[PDB]
Amino acid sequence: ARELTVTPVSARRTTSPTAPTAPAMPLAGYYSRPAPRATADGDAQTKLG
Amino acid sequence: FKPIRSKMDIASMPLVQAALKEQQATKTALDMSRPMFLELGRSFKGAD
Amino acid sequence: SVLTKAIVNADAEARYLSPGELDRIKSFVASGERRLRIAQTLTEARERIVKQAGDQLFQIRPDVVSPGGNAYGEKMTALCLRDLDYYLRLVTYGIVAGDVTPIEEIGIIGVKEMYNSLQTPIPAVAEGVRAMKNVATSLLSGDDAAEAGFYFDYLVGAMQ
Amino acid sequence: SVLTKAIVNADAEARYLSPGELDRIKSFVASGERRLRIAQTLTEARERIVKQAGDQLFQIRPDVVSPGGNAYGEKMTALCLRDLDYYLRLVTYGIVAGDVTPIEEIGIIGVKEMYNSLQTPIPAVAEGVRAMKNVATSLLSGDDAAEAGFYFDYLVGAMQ
Amino acid sequence: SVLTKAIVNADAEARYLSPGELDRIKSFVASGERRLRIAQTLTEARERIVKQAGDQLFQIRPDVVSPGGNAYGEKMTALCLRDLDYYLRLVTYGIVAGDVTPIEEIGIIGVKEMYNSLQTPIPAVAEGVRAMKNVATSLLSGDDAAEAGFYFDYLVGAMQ
Amino acid sequence: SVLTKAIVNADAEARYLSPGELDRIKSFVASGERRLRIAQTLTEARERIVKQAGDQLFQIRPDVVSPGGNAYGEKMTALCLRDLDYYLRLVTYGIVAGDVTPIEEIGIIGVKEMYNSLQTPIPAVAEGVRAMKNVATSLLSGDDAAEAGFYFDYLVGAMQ
Amino acid sequence: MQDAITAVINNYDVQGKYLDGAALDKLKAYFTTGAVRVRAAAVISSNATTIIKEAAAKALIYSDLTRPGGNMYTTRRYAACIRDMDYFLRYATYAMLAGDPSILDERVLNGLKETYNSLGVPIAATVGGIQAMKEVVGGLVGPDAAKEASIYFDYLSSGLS
Amino acid sequence: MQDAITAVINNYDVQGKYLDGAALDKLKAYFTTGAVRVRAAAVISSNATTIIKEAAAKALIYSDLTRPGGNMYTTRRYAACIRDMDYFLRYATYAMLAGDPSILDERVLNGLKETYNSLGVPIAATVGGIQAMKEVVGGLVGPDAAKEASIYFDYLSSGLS
Amino acid sequence: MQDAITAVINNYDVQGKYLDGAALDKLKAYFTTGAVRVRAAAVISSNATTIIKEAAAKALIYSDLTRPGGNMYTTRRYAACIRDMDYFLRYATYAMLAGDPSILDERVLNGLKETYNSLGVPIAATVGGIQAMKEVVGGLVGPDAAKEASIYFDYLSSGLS
Amino acid sequence: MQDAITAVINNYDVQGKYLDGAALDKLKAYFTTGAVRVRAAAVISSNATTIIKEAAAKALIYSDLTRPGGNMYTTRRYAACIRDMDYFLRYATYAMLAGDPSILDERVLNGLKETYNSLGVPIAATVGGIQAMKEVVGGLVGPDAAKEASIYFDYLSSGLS
Amino acid sequence: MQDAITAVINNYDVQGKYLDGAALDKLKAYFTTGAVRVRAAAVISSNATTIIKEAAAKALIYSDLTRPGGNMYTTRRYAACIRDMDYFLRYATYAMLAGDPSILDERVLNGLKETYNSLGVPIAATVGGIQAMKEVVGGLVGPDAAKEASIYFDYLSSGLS
Ligand SMILES: CCC1=C(C)/C(=C/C2=NC(=C\c3[nH]c(/C=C4\NC(=O)[C@H](C)[C@H]4CC)c(C)c3CCC(=O)O)/C(CCC(=O)O)=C2C)NC1=O
Ligand SMILES: CCC1=C(C)/C(=C/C2=NC(=C\c3[nH]c(/C=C4\NC(=O)[C@H](C)[C@H]4CC)c(C)c3CCC(=O)O)/C(CCC(=O)O)=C2C)NC1=O
Ligand SMILES: CCC1=C(C)/C(=C/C2=NC(=C\c3[nH]c(/C=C4\NC(=O)[C@H](C)[C@H]4CC)c(C)c3CCC(=O)O)/C(CCC(=O)O)=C2C)NC1=O
Ligand SMILES: CCC1=C(C)/C(=C/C2=NC(=C\c3[nH]c(/C=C4\NC(=O)[C@H](C)[C@H]4CC)c(C)c3CCC(=O)O)/C(CCC(=O)O)=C2C)NC1=O
Ligand SMILES: CCC1=C(C)/C(=C/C2=NC(=C\c3[nH]c(/C=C4\NC(=O)[C@H](C)[C@H]4CC)c(C)c3CCC(=O)O)/C(CCC(=O)O)=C2C)NC1=O
Ligand SMILES: CCC1=C(C)/C(=C/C2=NC(=C\c3[nH]c(/C=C4\NC(=O)[C@H](C)[C@H]4CC)c(C)c3CCC(=O)O)/C(CCC(=O)O)=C2C)NC1=O
Ligand SMILES: CCC1=C(C)/C(=C/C2=NC(=C\c3[nH]c(/C=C4\NC(=O)[C@H](C)[C@H]4CC)c(C)c3CCC(=O)O)/C(CCC(=O)O)=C2C)NC1=O
Ligand SMILES: CCC1=C(C)/C(=C/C2=NC(=C\c3[nH]c(/C=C4\NC(=O)[C@H](C)[C@H]4CC)c(C)c3CCC(=O)O)/C(CCC(=O)O)=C2C)NC1=O
């Protein structure tokens, strides 16, 4: 059980983290993250009808 | 030989049982052979 | 076992075993080595099976392991996996016996009253058992996995 | 009621009622006017009792209004307070009669089976009832608050 | 008592006492000091009640103290009033118990068979028992006299 | 104590203790084994300081043990010598506490009202209290006699 | 069974209603007659045997019913009949205390008409035995209680016919 | 069984004595504590399950008793043990209401010591289960009733040892 | 409130006892630890702000508590929370000087559990804030005083749970 | 507050009635006893202190109440108790002059039962202190006034119990 | 065997307890009756033969028991019977001195019921011989000791029946 509790992110809500004495890693990208309005090309043509 | 038990508690007997009631009365209720000033400031109960 | 069950019905009706009863003893005993192999595999992976049931459980019910949860804390969780270890053991017994007599007297008759007292949520214990089915079943051939699966689903059934 | 209970015991024995039994009924008649008054008072503040009971409940047991909780969500919470409104109503009935009688038939016999099916945690329903006792009891004189309190503690008892 | 009669119902259904059962114990015990006073008064006048009962009896039916009478003679009479003293005693027991359990086991179950053997005339005895009511009742307030009277009429009833 | 008095000031100004306050607790507690020892001499001679006080008190003012005197008679005197025993006891408490908190709540706040009601002559009482100082002080070393004397003079101070 | 008070509670419970003014008025109408019901029950109970005796004397015995060929011929059947009479009296006393006839249906009338047809027990004669006990009861209990006792005897008797 | 009111009657009946002053004083000593006994029973009854749970938690489980080789190992035996616990609690509540331990002898202790020896049921461990329920009970019932409830738990436990 | 010196006096006063040997031994046991209590209070007082800062950092902030939806979200509530923290620290310092927890009951715990339930203040999170300040305190005050300071933080935290 | 006379005026005012014969008879029944009430008040007032002293002596002191552990132990509490006694005496004298107990409710009994429960003040002992002052009062005031003074002491004492 | 005092010592020894207040009270209750037990024993011992003679005369002889076919027929059996009587008297005197019946079980009752069944010795007749000696004893020893002597004769006689 240490591993399950600890060694595992587990399920709270969602979501986590980034904070004291601290942090986690999955990398990042500055112009990587997709802007929110958010989407597609061809949504534009296809959106209308 | 099986060991016997006891079915009558010994303080439920008549002579002993009545000498225990008398024992209570004397200590709680009353004073003594020491000077009255000392006996007049005594608490019968002790913790209540 | 299959033997005990057949006999008890025989004796209670004051009679020798039926052709049917004799047939099932024969089919049962023929599956002996296979049933013993199914128990061995699962006995051999017991520590892994509990760890994966326990992860599957706490994702599905993070609350049990939450402030007002029966399994909240490190040692309230330790006892919870120990109970999961108990039931896997009983499942190996059932598989080698070919029925539930042993599983039943040891860990379902009285289980409602026990867990109600401890205030353990019964249906989440049933989930812990489904979780063990999923892990155990991934270490067995198709045919053996089904045969094992009946006994897991029984325990899940009895906690109900 | 007190009447129904006395009579049923009388008839079972097939003999007219006693003359000290004509005592409990007499007590009940005098009590009934006071009993009727307490029920009316409880009825007047029903919406406040339920709502404040519901806050007191969710602080003490936030897990029922959480992801894997029986009362999680706005309409799973709406039904939960409605059930709290049901039980307060039955408590007014019990007080007025002088005997619990009808409340049992209406809302405890079968309640384990009902809530087990819905998967509702019974002991947290018992808490919701304690919470109502606390609120209702603060709107009644000492003597009337006790008389009411017996019926709240009964329901709490029966969900057990 | 009321307790003995009632608890028995609790134990036989494998349960704690009902609100009803608890209520009657409470009403019963509240009526204690009065019942004890009723027994005291009658205990205090026992010799008068018996003697005056005995005169009232032999007027209403003398033949029993005559040549061919069951109570003919000084020591055949010393026994008839002694039996009247017995029943007054049992009546004081019944009044303080609030039912007949004690009165019944001690002096009515088996009483037909006892007196038939002795060929004491039983039906004369009922009248004798009735006379004691008249005397005892004249030493009690209206309310207490009625409460006592129920137990006298019971004994009169059981010898029937 | 010194603490009860040395903390109350802290809490009332919403703060931790001062260096000064900490220092006095320090010096006070260092004088513990010794202060305990001055209060043991006085319990040894508890009834003998009191008897001796009684005599001095009545020379300096006898009228109290005379026809129209508050302490006239054997049991009106037993009470008086008993009050002197009370105050010596409180003086031993004060010495071991290092202040009057206990002495004050037990025997000076309300003492005017008590004695005015009894019409015991209070001012004679101060002289009686003073006599005990004289006796007690003759059973203690110079240094310990002074330390004790402060608490006697306090009661004398309050009392009036 | 139900009484006056539980009749009202169950009628409101099925609608899930707190007791309202109309309900409270009904319950008052019961409580206000309650002391009188108790006194009446104590008269009936303590005169039970005399009521049966006087009711049988006016409406059953001295007749073909008690003669050979009659249904209350034989000590066996005479005993069964006055046993029945005691039931009626006793239960009517319950109904009147409760202020509700529901107990007379649940524990007395249900199947009784056909039970009597099956044994041959004369229905009309039994009704007269009921209405004679009512007559006696109404004298003994007085103005206060006469009408209230009477109705549950009338409930019993139109339950058989 | 017998209770304080009943015991006074049978104790005098065997001597053929009217109730006299000494008897009447005893009965008063019972009646005067009666209301408090009732309140205490209502607390115990309504907290029954929690008392067993807290008593088991302090005195039975988390131990070798609940582990393989232990007498309350298996759901079967765990259920039997807390079933027993409920008996004790329930009967002690009867004894305390009656103000007489005679029911604890007649319906609980008689043969129980040997029954437990025959099954292997650990006596000392069962006594601790009794004295833990007493501890919980004495908190819940309050000053009024604590001493009176307590004695019948102590009666039970010296009945086994 | 009461302190060790005062408690000994009031505990004996209610029995009307002179201070005797047992009493005098208790008071000595307090006086003999007194200088150490004072030094410890001067460390806590003068590091007050740093203890709160380090305790919050280990047990409260960088969390959902300080985020929208959390109870210490908003400068208002963050201020109220560390205000509370200062109370706890300050009063625990009083209790430890007095060598008696009675002040923690009279002026801090009484009604506080329900006050927090009524506002929604998270109890478990507050206890961690208490036990983190204890951790810091026990480092700063040293061997002499560590155990004695610690107990009144533990008194506070089992007072809420 | 109200007295005899304003009790009548307000009872008629709410009906908007001029005083009629029944009202006028009541007021006469007060006026005709008025001189005696005044004399009785002058006796009580001028013996106030002696009544308290004799009432305490018969019903309070020389007891466990005045000993350590007792509620009238300490000069503080002894003073508070006889202070209370003076209130009772003084207000009962008002009630008796007014010929109306309403002042005893408005200014003495309201909340007092619970105030005494909250402080621990023994109720039964306080009633005896009231009924002892009544005993003394009834001697001092004489045949004329004894019954009239007495009732407002009895009002006070059933107001607490 | 055990007496009052060793009964208490062994009850505490099995718990390994030093004697506490409850124990000390029991022992006092024995010591305080001790002188009276001694005087009573000296009366019984010195009247031994007369007690047997008067007890036999009231309860055994002048009967079918002593006439051919009876169990105390023959000088042989008459001697055995009054020999037994002396045992009972003597041991009851031991039990009463000890203030404990345990010796009556260990050295008198054990197996005696069946011994008498096996020889044909009439049990009911022997009990009357015991209760007649009690009657005589209670006269001779006086108010002081009557109840205390009596109980061990009653112990003996319910031990056979
Ligand atoms: C610890 C705080 C405290 C004190 C001091 C106290 C005193 C006290 N002194 C009393 C009586 C008394 N006290 C005295 C004392 C005296 N007579 C004299 O003339 C002298 C001036 C004086 C002796 C120095 C006497 C004579 C009585 C009896 C008065 C009576 O019974 O009327 C009584 C009533 C008797 C009783 O019930 O105990 C109390 C309560 N009670 C307390 O709780
Ligand atoms: C074959 C089975 C059987 C029997 C025996 C029987 C008896 C019987 N006896 C009756 C009356 C009676 N029977 C008696 C008899 C007696 N009076 C006494 O004092 C003596 C003790 C006794 C004569 C030896 C009397 C006096 C009445 C009239 C009572 C009345 O009208 O109130 C009646 C009511 C009158 C009637 O309607 O016939 C019946 C039915 N009925 C039966 O079906
Ligand atoms: C608790 C409610 C209840 C009722 C009311 C009841 C009635 C009842 N009446 C019965 C028979 C009977 N009932 C009667 C009644 C009468 N004979 C007459 O001629 C008169 C008209 C009438 C009396 C006024 C008789 C004579 C029988 C016996 C029939 C037979 O011989 O089998 C029986 C058949 C079983 C038996 O004989 O005891 C029942 C069950 N049973 C119940 O459980
Ligand atoms: C072989 C038959 C058998 C079983 C199964 C058994 C279970 C068992 N589970 C226990 C506790 C427990 N069991 C759990 C289990 C859980 N918590 C949850 O929320 C989940 C639903 C679940 C894990 C899947 C927890 C949390 C406790 C601790 C409860 C407490 O201490 O109050 C205890 C008491 C602790 C002890 O003394 O061992 C027993 C006896 N005993 C038996 O003899
Ligand atoms: C109405 C009065 C009454 C009582 C009290 C009672 C007790 C009782 N306890 C039993 C067994 C038992 N009792 C226990 C009790 C315990 N196990 C432990 O380890 C603990 C020390 C203890 C609980 C605190 C257990 C485990 C058994 C089962 C033994 C078996 O497996 O056969 C049995 C055997 C029959 C059965 O299993 O139900 C009886 C009759 N029976 C009665 O009729
Ligand atoms: C909506 C009202 C509101 C505000 C504003 C708020 C601020 C806030 N700022 C924080 C930290 C912080 N804030 C800063 C900000 C700065 N550092 C600098 O030097 C600059 C002057 C400044 C940026 C302009 C830094 C550096 C920390 C980390 C400090 C630490 O972890 O010790 C934290 C603790 C971390 C956390 O748990 O979130 C809070 C709660 N909280 C609130 O509820
Ligand atoms: C002298 C003794 C004393 C104490 C201890 C005390 C506590 C106290 N805390 C309060 C609120 C509060 N207390 C907190 C505390 C916290 N928030 C969190 O998330 C953390 C878990 C925790 C800090 C560690 C918060 C956030 C509030 C504000 C609640 C609101 O917004 O109304 C209030 C309501 C009044 C106010 O807002 O000031 C009181 C009285 N009052 C007192 O008189
Ligand atoms: C077959 C063997 C056998 C014998 C001998 C025997 C004798 C015997 N003699 C008795 C009395 C008696 N026996 C006597 C005899 C005598 N008085 C004298 O002074 C003379 C010396 C002597 C006549 C020669 C007397 C006077 C009594 C009455 C004593 C009494 O009642 O206290 C009794 C008691 C009365 C009874 O219940 O019968 C018995 C049993 N029992 C037996 O089983």
Side-chain angles (χ1 to χ4, degrees), chain D residues 11 14, chain E residues 11 14, chain F residues 14, chain G residues 55-56 59-60 65-66 70-74 76-85 87-88 90-91 107-109 111-112 115-116 118-130, chain H residues 55-56 59-60 65-66 70-74 76-85 87-88 90-91 107-109 111-112 115-116 118-130, chain I residues 55-56 59-60 65-66 70-74 76-85 87-88 90-91 107-109 111-112 115-116 118-130:
Chain D
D11 186 32
Chain E
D11 186 32
Chain G
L60 302 185
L65 271 180
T66 36
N71 201 258
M72 105 185 60
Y73 176 64
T74 73
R76 185 172 78 77
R77 275 167 165 158
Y78 189 114
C81 178
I82 83 179
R83 164 185 61 85
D84 274 17
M85 294 273 287
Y87 289 152
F88 296 129
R90 172 153 64 69
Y91 278 92
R107 288 184 201 162
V108 183
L109 296 152
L112 190 57
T115 299
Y116 278 3
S118 309
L119 289 160
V121 169
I123 279 150
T126 305
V127 166
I130 296 166
Chain H
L60 302 185
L65 271 181
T66 36
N71 201 258
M72 105 185 60
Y73 176 64
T74 73
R76 185 172 78 77
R77 275 166 165 158
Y78 189 114
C81 178
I82 83 179
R83 164 185 61 85
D84 274 17
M85 294 273 287
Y87 289 152
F88 296 129
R90 172 153 64 69
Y91 278 92
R107 288 184 201 162
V108 183
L109 296 152
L112 190 57
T115 299
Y116 279 3
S118 309
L119 289 160
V121 169
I123 279 149
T126 305
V127 166
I130 296 166
Chain I
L60 302 184
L65 271 180
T66 36
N71 201 258
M72 105 185 60
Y73 176 64
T74 73
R76 185 172 78 78
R77 275 167 165 157
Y78 189 114
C81 178
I82 83 179
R83 164 185 62 85
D84 274 17
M85 294 273 287
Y87 289 152
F88 296 129
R90 172 153 64 69
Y91 278 92
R107 288 184 201 162
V108 183
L109 296 152
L112 190 57
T115 299
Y116 279 3
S118 310
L119 288 160
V121 168
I123 279 150
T126 305
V127 166
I130 296 166

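Order of the sequence lines fixes the chain letters, A, B, ..., with proteins taken first and strands second; residue numbering starts at 1 for each chain. Counting starts at 1 for both ligands and their atoms, in listed order.
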Does ligand 7 have any N/O pairs with the protein under 3.5 Å, and how far apart?
{"unit_1": "ligand 7", "atom_1": "9 (N)", "unit_2": "I:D84", "atom_2": "OD1", "d": "3.3"}
{"unit_1": "ligand 7", "atom_1": "9 (N)", "unit_2": "I:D84", "atom_2": "OD2", "d": "3.1"}
{"unit_1": "ligand 7", "atom_1": "13 (N)", "unit_2": "I:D84", "atom_2": "OD2", "d": "3.2"}
{"unit_1": "ligand 7", "atom_1": "17 (N)", "unit_2": "I:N71", "atom_2": "OD1", "d": "3.3"}
{"unit_1": "ligand 7", "atom_1": "19 (O)", "unit_2": "I:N71", "atom_2": "OD1", "d": "3.4"}
{"unit_1": "ligand 7", "atom_1": "31 (O)", "unit_2": "I:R76", "atom_2": "NH1", "d": "3.2"}
{"unit_1": "ligand 7", "atom_1": "31 (O)", "unit_2": "I:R76", "atom_2": "NH2", "d": "3.0"}
{"unit_1": "ligand 7", "atom_1": "31 (O)", "unit_2": "I:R77", "atom_2": "NE", "d": "3.3"}
{"unit_1": "ligand 7", "atom_1": "38 (O)", "unit_2": "I:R83", "atom_2": "NH2", "d": "2.8"}

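- For I:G128 against I:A59, the heavy-atom pair with the smallest separation is O-CB, 3.5 Å.
- Taking every heavy atom of both residues into account, I:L65 and I:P122 meet most closely at CD2-CG, 3.9 Å.
- For G:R107, the salt bridge (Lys or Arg N to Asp or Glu O under 4.0 Å) partners are D:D11, not counting sequence neighbours.
- Applying the ring pair (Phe, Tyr, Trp, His ring centres under 6.0 Å) criterion to H:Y91, with sequence neighbours excluded, gives H:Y94.
- Considering only residues two or more places apart in sequence or on other chains, H:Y73 meets the side-chain hydrogen bond (donor to acceptor under 3.5 Å, both in side chains) condition with C:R89.
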Step-by-step side-chain contact (heavy atoms from CB on, under 4.5 Å) determination, H:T66 to H:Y78: CA-CA 8 Å; H:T66 36; H:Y78 189 114; 4.1 Å; yes
